[PDB]
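Everything below concerns the one structure shown next.
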2 protein chains.
Amino acid sequence: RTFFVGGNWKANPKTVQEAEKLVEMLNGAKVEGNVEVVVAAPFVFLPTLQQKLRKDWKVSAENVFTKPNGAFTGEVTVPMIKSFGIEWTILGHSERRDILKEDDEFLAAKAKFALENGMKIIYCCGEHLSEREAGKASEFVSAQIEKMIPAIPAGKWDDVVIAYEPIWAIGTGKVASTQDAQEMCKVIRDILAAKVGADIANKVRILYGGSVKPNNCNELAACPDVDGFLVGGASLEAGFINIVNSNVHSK
Amino acid sequence: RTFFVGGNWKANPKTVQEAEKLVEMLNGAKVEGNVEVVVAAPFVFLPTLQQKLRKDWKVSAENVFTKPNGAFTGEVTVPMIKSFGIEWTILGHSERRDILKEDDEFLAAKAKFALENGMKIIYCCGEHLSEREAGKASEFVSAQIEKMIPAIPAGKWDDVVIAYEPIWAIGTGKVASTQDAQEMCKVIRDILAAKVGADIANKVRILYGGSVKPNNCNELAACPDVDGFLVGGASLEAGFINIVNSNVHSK
Ligand code: NA
Ligand code: NA
């Protein structure tokens, strides 16, 4: 499996002028090793990223709707993204599940529609504090993945990347260890193996989407079931390249 | 009050190439009378609209979030829009209230943040079938407007336009009359007069945001409390200019 690093800018930066400066920074970055890099940005910055970002990396949307077009004021759809040549979207990020109240049914429908229409997806999952403390993390994550599975069209697993978010470690006063990251990525791989088979489980990249910074990326990358990262705040900083380059520590 | 016509493209068209063709069509349109025209489009098409649309009209977003930036994956914020020179946003469209579950608290916070940050807003309201049938339309609409009022900063009413959507006539098997449109726009004007005073009530444009087409725009425009339209499907068609030009029938 090729190591995979997505930079999720989230709702940043504030201005297109800043977005352009970030792209200029990324374009000069020297990548070591072998790694697939995707950069996700706010919708209004996607055209300028697609035009200006180094072509060995790919641009990603941060969300899409379930339909091709129509009476859905405020929503952006897959065909609109594709019309710019953009190939990726994030789906099911914790922030959308929690703040924007996106449920699994909505997310499954997005995954199916996106894949049927030629997109590649970074599909996010992860358990909250209660389930972590109860020792029921695998059960919760399995239920999420089990909702996602039927959405994936036959022959589309090549176009799926899964990101694990330790939501129990986001704004809770608890922190995740490297071991925690490894354990949950392995949990996901095993769910895939049990439900859709070893061939799929062996090719699907499973990312760690908790806090990833230059000070912990190498140790995390070395974990055997961690295939890369969905990076938050560091994606806006010069440290992003350190994280991209942590691939050399992943065997 | 200057007649006001917003074209809400909603989640259309499917491609940036189609968006560009639409802009070319709009740019050649001959406007008669005196009218303020705003065109709202999907986020990913906003940059090309801002660059290419005739400069006597203004571009609008179809939604914005409540914060300047941050950990809100998928969301677009006011500063991002403004960085392109875009001055307008729609807020509280029925489709977002209903499909995306946006509540009045969320919408009030958007209105306040947007106005504080120099945006102009088209704020949408309107009652559903139950309330229409119960003869409780004014009560429902008043509650919505009463939630909006405290959000409007002092001195910002010049930058507010309100759109009435007869949601009771959208996908219900019932249709709205011209008289219905007039009555509800008057209802809103009277709520403003009672709550924030005649001066504000007299300057705020109140739009009809039900079905507006070339075959009914002139009669609707002539209604005394109807100050313009938030146009749906016709905004994607050559008929949009007929609607823009209905201003000559509004005294
Ligand atoms: Na690894
Ligand atoms: Na009128």
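Proteins come first, then strands; the chains are lettered A, B, ... in the order of their sequence lines, and each starts at number 1.
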Problem - Chi angles and distances behind the side chain to side chain contact (heavy atoms under 4.5 Å, CB included) call for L192(B), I162(B) - result: CA-CA 11 Å; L192(B) 293 176; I162(B) 298 168; 3.9 Å; yes
Checking [X] side chain against [Y] main chain: does a donor-acceptor pair fall under 3.5 Å?
{"X": "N218(B)", "Y": "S246(B)", "value": "no"}
{"X": "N27(B)", "Y": "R54(B)", "value": "yes"}
{"X": "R97(B)", "Y": "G92(B)", "value": "yes"}
{"X": "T77(B)", "Y": "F65(B)", "value": "no"}
{"X": "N216(B)", "Y": "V212(B)", "value": "no"}
{"X": "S250(B)", "Y": "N247(B)", "value": "no"}
{"X": "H93(A)", "Y": "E95(A)", "value": "yes"}
{"X": "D56(B)", "Y": "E36(B)", "value": "no"}
{"X": "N245(B)", "Y": "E32(B)", "value": "yes"}
{"X": "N12(A)", "Y": "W9(A)", "value": "yes"}

Would you indicate whether the side-chain heavy atoms of [Y] and [X] approach each other to under 4.5 Å?
{"X": "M148(B)", "Y": "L107(B)", "result": "no"}
{"X": "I167(B)", "Y": "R132(B)", "result": "no"}
{"X": "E139(B)", "Y": "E127(B)", "result": "no"}
{"X": "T89(B)", "Y": "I81(B)", "result": "no"}
{"X": "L91(A)", "Y": "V64(A)", "result": "yes"}
{"X": "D104(A)", "Y": "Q144(A)", "result": "yes"}
{"X": "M25(A)", "Y": "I241(A)", "result": "no"}
{"X": "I121(B)", "Y": "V160(B)", "result": "yes"}

Checking side-chain polar atoms at under 3.5 Å, does [X] have a donor or acceptor matched by the opposite partner on [Y]?
{"X": "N242(B)", "Y": "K213(B)", "answer": "no"}
{"X": "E18(B)", "Y": "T15(B)", "answer": "yes"}
{"X": "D180(B)", "Y": "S177(B)", "answer": "yes"}
{"X": "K110(A)", "Y": "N63(A)", "answer": "yes"}

Problem - Step-by-step side chain to side chain contact (heavy atoms under 4.5 Å, CB included) determination, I152(B) to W157(B) - result: CA-CA 7 Å; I152(B) 313 306; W157(B) 283 96; 3.6 Å; yes
Practice task
Step by step, work out the salt bridge (charged side-chain N to carboxylate O under 4.0 Å, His left out) result for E75(B) and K67(B).
Solution key: CA-CA 10 Å; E75(B) 293 302 301; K67(B) 306 284 187 183; over 6 Å; no
Exercise for the section: Please step through salt bridge (charged side-chain N to carboxylate O under 4.0 Å, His left out) for the pair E62(A) and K10(A), ending with a clear verdict. Expected result: CA-CA 7 Å; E62(A) 289 179 20; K10(A) 307 186 177 188; over 6 Å; no
For the atom pair [atom1] ([X]) and [atom2] ([Y]), what is the distance rounded to the nearest 0.5 Å?
{"X": "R189(B)", "Y": "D225(B)", "atom1": "CZ", "atom2": "CG", "answer": "5.0 Å"}
{"X": "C125(B)", "Y": "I188(B)", "atom1": "SG", "atom2": "CD1", "answer": "4.0 Å"}
{"X": "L230(A)", "Y": "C124(A)", "atom1": "CG", "atom2": "SG", "answer": "5.5 Å"}
{"X": "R96(A)", "Y": "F106(A)", "atom1": "CZ", "atom2": "CZ", "answer": "8.0 Å"}
{"X": "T178(B)", "Y": "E219(B)", "atom1": "OG1", "atom2": "CD", "answer": "3.5 Å"}
{"X": "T73(A)", "Y": "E165(B)", "atom1": "OG1", "atom2": "CD", "answer": "7.5 Å"}

On a heavy-atom basis, which atom in [X] and which in [Y] lie closest, and how many Å separate them?
{"X": "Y208(B)", "Y": "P166(B)", "result": "OH-CG, 3.6 Å"}
{"X": "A40(B)", "Y": "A61(B)", "result": "CB-O, 4.0 Å"}
{"X": "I122(A)", "Y": "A163(A)", "result": "CG2-CB, 4.1 Å"}
{"X": "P47(B)", "Y": "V44(A)", "result": "CG-O, 3.5 Å"}
{"X": "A151(A)", "Y": "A108(A)", "result": "CB-O, 3.2 Å"}
{"X": "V226(B)", "Y": "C185(B)", "result": "CG2-SG, 4.0 Å"}

Flag if over 12 foreign heavy atoms under 6.0 Å of [atom1], [X]:
{"X": "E116(A)", "atom1": "CD", "value": "yes"}
{"X": "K156(B)", "atom1": "NZ", "value": "yes"}
{"X": "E105(B)", "atom1": "CD", "value": "no"}
{"X": "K195(B)", "atom1": "NZ", "value": "no"}
{"X": "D199(B)", "atom1": "CG", "value": "no"}

Practice task
Indicate the ring-plane relationship of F45(B) and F84(A), choosing parallel, tilted or perpendicular according to the 30° and 60° boundaries.
Solution key: tilted
Practice task
Name the orientation class of the two ring planes belonging to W57(A) and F240(A) (parallel below 30°, tilted from 30 to 60°, perpendicular beyond 60°).
Solution key: perpendicular
Practice task
Please assess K52(B) against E20(B) for the test salt bridge (charged side-chain N to carboxylate O under 4.0 Å, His left out), listing each intermediate value before the final yes or no.
Solution key: CA-CA 8 Å; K52(B) 297 182 177 64; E20(B) 284 172 356; 3.7 Å; yes
Problem - Near-ring test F4(B)/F229(B), centroid separation under 6.0 angstrom - result: no
Practice task
Check the pair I86(A) / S60(A) against side chain to side chain contact (heavy atoms under 4.5 Å, CB included), numbers first and verdict last.
Solution key: CA-CA 6 Å; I86(A) 294 162; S60(A) 179; 5.7 Å; no
Handout entry: Sequence-distant partners of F140(B), ring-ring contact (aromatic ring centres under 6.0 Å, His included), two or more places apart
Key = none
Problem - Member of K58(A), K82(A), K55(A) meeting the salt bridge (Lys or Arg N to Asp or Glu O under 4.0 Å) criterion with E87(A) - result: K58(A)
Problem - Audit row: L46(B), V59(B), side chain to side chain contact (heavy atoms under 4.5 Å, CB included) steps and yes/no - result: CA-CA 7 Å; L46(B) 292 177; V59(B) 178; 3.6 Å; yes
